[PDB]
Amino acid sequence: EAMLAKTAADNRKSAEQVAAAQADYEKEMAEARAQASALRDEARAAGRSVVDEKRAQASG
Amino acid sequence: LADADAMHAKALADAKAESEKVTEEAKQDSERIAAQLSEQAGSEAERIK
Amino acid sequence: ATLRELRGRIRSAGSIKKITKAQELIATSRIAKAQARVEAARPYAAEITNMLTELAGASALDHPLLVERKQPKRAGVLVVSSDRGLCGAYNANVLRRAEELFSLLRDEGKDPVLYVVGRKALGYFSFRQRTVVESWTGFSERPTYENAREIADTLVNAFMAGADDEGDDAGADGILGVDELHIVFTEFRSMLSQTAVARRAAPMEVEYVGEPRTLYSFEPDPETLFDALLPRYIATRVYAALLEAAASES
Amino acid sequence: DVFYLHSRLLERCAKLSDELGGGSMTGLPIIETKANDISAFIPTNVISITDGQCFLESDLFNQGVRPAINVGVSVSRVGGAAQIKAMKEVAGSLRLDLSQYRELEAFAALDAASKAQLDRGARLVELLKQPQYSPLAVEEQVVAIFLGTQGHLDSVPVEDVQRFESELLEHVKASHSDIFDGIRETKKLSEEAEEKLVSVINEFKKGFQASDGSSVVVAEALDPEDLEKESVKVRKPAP
Amino acid sequence: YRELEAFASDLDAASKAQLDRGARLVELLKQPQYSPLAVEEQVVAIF
Amino acid sequence: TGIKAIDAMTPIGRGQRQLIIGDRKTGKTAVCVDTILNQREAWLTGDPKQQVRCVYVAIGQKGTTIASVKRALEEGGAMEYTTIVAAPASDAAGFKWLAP
Amino acid sequence: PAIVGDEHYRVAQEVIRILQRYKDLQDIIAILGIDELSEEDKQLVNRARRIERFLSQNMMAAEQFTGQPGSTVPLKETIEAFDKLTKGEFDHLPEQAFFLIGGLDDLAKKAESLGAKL
Amino acid sequence: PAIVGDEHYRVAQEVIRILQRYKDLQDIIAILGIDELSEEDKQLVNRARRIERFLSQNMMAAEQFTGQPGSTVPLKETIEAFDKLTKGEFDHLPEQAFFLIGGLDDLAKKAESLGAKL
Ligand SMILES: Nc1ncnc2c1ncn2[C@@H]1O[C@H](COP(=O)(O)OP(=O)(O)OP(=O)(O)O)[C@@H](O)[C@H]1O
Ligand SMILES: [Mg+2]
């Protein structure tokens with residue numbers, strides 16, 4: 001009886017483990033993509049600030 | 001269950017590698033964007049002069 | 001060009017006016033028909049109520065659909081909406097009542113399980129990002145008893161499956177179920193009065209009255225008839241609700 | 001002779017033959033309509049004189065469509081002859097397609113074809129939005145219309161179309177900057193240039209982040225008493 | 001017929017009859033070019 | 001012109017007459033000034049077959065608005081190849097009729 | 001009928017009638033919606049949209065404005081195609097398949113490029 | 001944006017867009033009301049009604065006509081309040097709460113006086 005219960009429990013565990021594996025892979029990729037977008041956007045903002053301040057000081 | 005554990009570990013390792021690659025690519029793109037924007041800023045300053 | 005476009009607008013308004021007047025008159029006739037079909041169904045339900053009362057009074061009050069579920073967690077809500085859209089506030093009021101029920105259900109830890117009749121409610125919930133378990137469509141203008149039969153069967157199966165469902169697990173059956181069956185629909189009080197009403201189809205509740213001169217014979221046993229009849233009562237009340245909704249929509 | 005007043009003025013803007021030096025004068029007359037009445041006298045005269053018009057509307061301007069071009073009635077009577085080969089290729093039927101899209105949107109205020117047309121037209125309308133004092137080089141415009149009319153904006157949300165365009169153009173200007181050079185020099189988008197542009201678009205899409213958060217790759221309560229209960233009736237006294 | 005077709009199918013019986021009669025009469029009043037009819041023939045057609 | 005909508009849907013060639021027609025505050029002057037400013041690359045090439053020389057004719061226009069247009073041309077470096085013919089609203093009807 | 005023939009005249013009259021009814025129904029469709037029309041009128045609206053698109057054509061002289069080369073449709077093929085349209089033989093095709101084409105072969109090819117088939 | 005900043009310009013343009021969409025929908029609304037509109041359109045119509053009510057103000061010079069004194073709303077507070085409106089942050093409040101008031105404090109006060117709360 002314990003063997004049958006373990007079989008059912010491990011079937012559930014394998015299914016949910018496959019689901020969690022694919023979900024975690026996708027989540028980590030999404031986190032990497034968000035970090036990349038944040039890096040690009042902060043670089044863009046820093047560049048915009050640099051150009052604005054440079055042109056302002058040149059005009060002055 | 002052993003196969004599922006191995007597949008989860010493999011997916012985690014592949015995710016780590018892919019995340020490192022994506023981070024490096026995004027980095028390089030960030031430096032490229034910063035460099036081109038700095039060049040544009042210098043050009044604009046020269047125009048103002 | 002001002003006069004030209006303005007005359008075109010006049011013609012458009014005339015066409016719209018003619019269409020709307022025709023629709024109003026046809027709706028009047030359809031109100032007549034829907035009301036007539038509402039009286040037509042009164043005797044069967046009225047006397048099947050008596051049959052159910054006799055069975056209940058001559059049997060144990062222990063039907064699975066009749067016994068409340070401990071720790072209710074998922075209440076089934078059926079929203080009866082319309083298929084066409086030219087009704088002004090019908091769908092709007094139906095869905096406001098549905099939300100006035102959903103908030104209450106969430107108040108007591110009940111996560112509603114959504115079932116739909118008609119099309120407008122589908123769009124409303126798609127906008128609200130609330131999933132629909134099952135939807136029936138194409139008969140809100142004139143509902144037949146068959147459609148109520150399938151609706152009641154599906155909702156009752158969803159209710160029953162919850163008996164063996166434990167927590168977020170489905171238990172032995174493997175099909176997740178619900179703890180309650182709720183109906184939201186427009187009660188056709190009269191021509192001016194059409195108010196949405198939330199109604200708990202299940203679990204069945206029991207009232208009592210002290211009073212017997214004679215004892216009804218049963219075949220084969222009262223419990224068997226009660227079992228075979230209670231889902232029929234569920235279907236009959238669902239059909240009555242659909243008729244009321246059709247009349248209110250008209 | 002007000003029509004003559006404007007016609008003899010506007011007919012002096014011409015493209016001379018090579019015998020007369022080959023010089024040219026391009027005219028951009030401006031006309032102020034009242035209450036969007038293009039049926040007035042001077043508007044009709046000048047419309048019938050010039051080689052097409054870009055009709056600007058206040059309704060489109062307020063909707064966010066800026067420049068507020070009315071694609072249905074705006075037209076150029078020179079057409080593709082006034083564009084480089086790449087622009088002709090990418091933007092062949094863009095005006096016609098947008099006119100058809102506006103027609104369909106008005107009528108369908110549905111089959112798969114209708115929804116596909118509506119989504120494509122919404123994306124294209126978003127693509128043509130442009131802020132003031134932000135001109136685009138002909139190659140950048142070629143790349144943008146390529147994004148639009150080649151189906152590469154179908155996977156991106158309509159709200160992100162403008163940001164997606166800006167970021168892709170910035171990426172191409174940063175790296176893969178030889179596509180712009182090729183379009184500038186040859187005036188046409190080569191097959192290999194199109195291959196590289198498609199690959200770059202796909203990679204950037206993989207990198208692109210949606211505003212909502214996705215990937216573009218490929219009330220008061222009823223009083224518990226008011227809730228009427230469905231109860232079976234039993235003819236017994238309570239226990 | 002004009003009023004009740006601008007209206008318009010699940011009509012009162014008399015109204016359905018009126019719609020049918022009106023459609024028939026509208027089709028009756030049609031006439032090809034260069035085809036005038038003698039008064040007797042018009043009488044028979046209207047009959 | 002540098003404007004995607006115009007360049008893609010209603011392209012303008014050299015020697016063509018394109019009409020910017022619209023109600024008040026619809027962006028007509030914005031489109032024309034952006035078109036003038038977009039010719040700076042061609043001017044800087046130095047090739048007269050590429051260079052486009054610009055003329056702006058302000059008819060019945062408030063003088064302050066003409067000054068604002070001239071400033072917008074100055075900032076983008078478009079006055080180097082642009083001439084403004086001004087007939088402000090204060091000018092007699094003769095200048096207004098004659099400016100174009 | 002005397003000059004162009006009975007069939008040409010009949011097809012032209014049927015097309016004109018369908019387009020007139022569609023123009024009559026356009027206001028109602030704009031305000032209320034197409035779902036409130038009679039099934040006959042919905043069918044007629046679909047046919048009318050297809051017909052009005054099919055009346056458009058890719059002209060030779062318009063090449064410079066579209067790039068697509070022009071087409072020529074013989075009178076007999078025109079009459080046959082519009083007779084088929086008025087009878088609803090092409091209802092199953094998307095309306096976009098009828099936009100700036102020549103004869104029925106062009107219609108078939110364009111509908112093929114859109115997934116549908118003749 | 002070059003003069004009034006990016007935030008003020010964005011809020012103003014969003015408000016203008018919402019009001020323009022409301023003006024466009026006027027044609028359908030005058031006949032059929034809000035019922036036949038899509039959920040997006042219903043939400044935007046309610047938002048536009050609230051916005052057009054909130055653009056009204058109790059003027060200082062109007063006290064002679066109605067007794068109620070005028071109010072002054074700082075520009076930054078106006079930008080913030082209309083950004084909140086355009087985001088649908090005050091959808092619950094009744095329309096009359098936005099009528100002839102000043103800033104957000106007045107909005108909260110009048111919402112309370114009308115049985116609601118901000
Ligand atoms: N593409 C655009 N994006 C945003 N704002 C724009 C755009 N084009 C023009 N505007 C703004 O729209 C307003 C109207 O512009 P403009 O003065 O050029 O229009 P107009 O039709 O010539 O006006 P008027 O009737 O005053 O002569 C100005 O604020 C301008 O900054
Ligand atoms: Mg101007």
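Residue numbers begin at 1 in each chain, while the letters A, B, ... track the order of the sequences.
Remark: D/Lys129 NZ is packed, more than 12 non-hydrogen atoms of other residues, nucleotides or ligands lying under 6.0 Å away. In B/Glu46, the CD atom is not crowded: 12 or fewer heavy atoms of neighbouring residues, nucleotides or ligands sit closer than 6.0 Å. Summarising the local packing, CD of D/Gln150 is surrounded by more than 12 heavy atoms from other residues, nucleotides or ligands at distances under 6.0 Å. Counting non-hydrogen atoms of neighbouring residues, nucleotides and ligands closer than 6.0 angstrom, the CZ atom of F/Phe95 reaches no more than 12 such neighbours. More than 12 heavy atoms of other residues, nucleotides or ligands lie within 6.0 Å of NZ in D/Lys205, so this atom counts as buried by the packing criterion.
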Item to complete: Given side-chain contact (heavy atoms from CB on, under 4.5 Å), test F/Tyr56 with F/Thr83 step by step and report yes or no.
Response: CA-CA 6 Å; F/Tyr56 188 83; F/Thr83 292; over 6 Å; no
Worksheet entry | Verdict with reasoning, F/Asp47 to F/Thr45, per side chain to side chain donor-acceptor pair (under 3.5 Å) | CA-CA 6 Å; F/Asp47 180 2; F/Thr45 53; over 6 Å; no
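In this structure, D/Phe208 and D/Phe164 have perpendicular ring planes: the angle between them is above 60°, well past the 30° mark.
By the 4.0 Å N-to-carboxylate-O rule, B/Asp29 lies close enough to A/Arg40 to be salt-bridged with it. Salt bridge present: F/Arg17 and D/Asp51 bring a charged side-chain N and a carboxylate O closer than 4.0 Å. Ion pair B/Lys27/B/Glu31 not flagged as a salt bridge, since none of the NZ, NE, NH1 or NH2 atoms sits closer than 4.0 Å to an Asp/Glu carboxylate oxygen. The pair D/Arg102-D/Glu105 meets the salt-bridge criterion, with a side-chain N (NZ, NE, NH1 or NH2) lying under 4.0 Å from an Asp/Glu carboxylate O. Here H/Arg10 does not pair with H/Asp6 in a salt bridge; the nearest charged N to carboxylate O distance is not below 4.0 Å. A salt bridge is defined here as a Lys NZ or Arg NE, NH1 or NH2 lying under 4.0 Å from an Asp or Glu carboxylate O, and F/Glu74 with F/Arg71 fails to meet this definition. A salt bridge links H/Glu14 and H/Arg17; the closest N-O separation between the charged side-chain nitrogens and carboxylate oxygens is under 4.0 Å. The pair D/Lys173-D/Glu170 does not meet the salt-bridge criterion, since no charged nitrogen lies less than 4.0 angstrom from a carboxylate oxygen. The pair D/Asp181-D/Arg184 meets the salt-bridge criterion, since a charged nitrogen lies less than 4.0 angstrom from a carboxylate oxygen. Using a 4.0 Å cut-off between charged nitrogen and carboxylate oxygen, D/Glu167 and A/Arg44 count as a salt-bridge pair.
Counting only distance, with no hydrogens or angles, the side chain of F/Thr82 and the backbone of F/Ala78 share a donor-acceptor pair below 3.5 Å. The backbone N or O of D/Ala174 lies less than 3.5 Å from no partner atom in the side chain of D/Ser177, so there is not a single donor-acceptor pair.
Taking the ring axis of F/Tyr81 as reference, the NZ or CZ atom of F/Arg40 does not stay both within 45° of it and closer than 6.0 Å to the ring centre.
A heavy-atom distance below 4.5 Å is found between the side chains of D/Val161 and D/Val156.
Here the closest non-hydrogen pair linking D/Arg95 and D/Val71 is NH1-O, 3.0 Å. Residues D/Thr26 and F/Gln16 come closest through the heavy atom pair CG2-O, 3.0 Å.
Screening D/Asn70, D/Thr33, D/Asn62 against D/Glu57 for a side chain to side chain donor-acceptor pair (under 3.5 Å) leaves a single residue, D/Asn70.
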